[PDB]
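The chain below stands alone and is given as structure tokens, in the form deposited in one PDB entry.
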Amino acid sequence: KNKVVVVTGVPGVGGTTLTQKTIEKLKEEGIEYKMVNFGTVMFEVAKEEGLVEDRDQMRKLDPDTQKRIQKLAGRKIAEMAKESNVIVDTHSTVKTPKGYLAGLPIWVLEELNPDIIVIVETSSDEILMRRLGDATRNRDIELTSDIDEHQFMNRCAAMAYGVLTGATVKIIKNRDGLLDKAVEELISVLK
């Protein structure tokens, strides 16, 4: 039976970066994890239906459309969990124009049944200055108070996940200049 790890964090905080660095560090110690980006799973579905051109248009779609593709992505990822350990790079909540949407509503949560939910955080300062540094995404320059609001709600959603499934909720700080301490923390967790 395989370990299913969810890594979450607002855009710019480094959930994806922490995850790639962690899996390569685990493979050097002999530990096999698969990286899966939840948003890519969805975007293959959405791109195939013609609803979007790029992945940062997904959060602006009608939220019933997002929840339909949200569920197909979660089913395809649950299939992956049978065949290897998996780390899911995704989001505790997604900021849509109609409010925060839970990234793992109970029906999605119950099919992944994640063993651990990791929250990657740093100060909204660093997140904002990091967003201003990367035209690689159509990332929202919000205020730091909007990022602080998102990290607040993401904690609430994640602790709810832990009440429903029994998963532990691990907060890892990923601060400017200290990416390496965060990789130590996440590696220490996955043993």
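In this text, residue numbers run from 1 along the sequence as written. Definition used throughout: the rigid core is the maximal C-alpha set that superposes within 1.5 Å between two forms.
Mean C-alpha B-factor is higher over 62-70 than over the other stretch, the pair under comparison being 154-162 and 62-70.
Looking at 118-126 and 132-140 together, the entry lists the larger mean B-factor for 132-140, computed on C-alpha atoms. For residue 16, the recorded CA temperature factor ranks within the middle third of the chain's modelled residues. Remark: residue 146 belongs to the lowest third of its chain, ranked by C-alpha B-factor as recorded.
Looking at the C-alpha B-factors along this chain, the one for residue 175 belongs to the middle third. The entry lists a Cα temperature factor for residue 92 that places it in the lowest third of the chain's modelled residues. In the deposited entry, the Cα temperature factor of residue 101 places it in the lowest third of its chain's modelled residues.
We do not show the form deposited in another entry, though everything after this point is about it.
Summarising the superposition on the core between this form and the one not shown, the listed residues 54, 32, 125, 29 contain exactly one with a Cα shift of 2 Å or larger, 54. In the other entry, the CA atoms of residue 111 and residue 46 sit closer together than in the displayed form, by at least 3 angstroms. In the other entry, the Cα-Cα separation between residue 132 and residue 62 grows by 3 Å or more relative to the displayed conformation.
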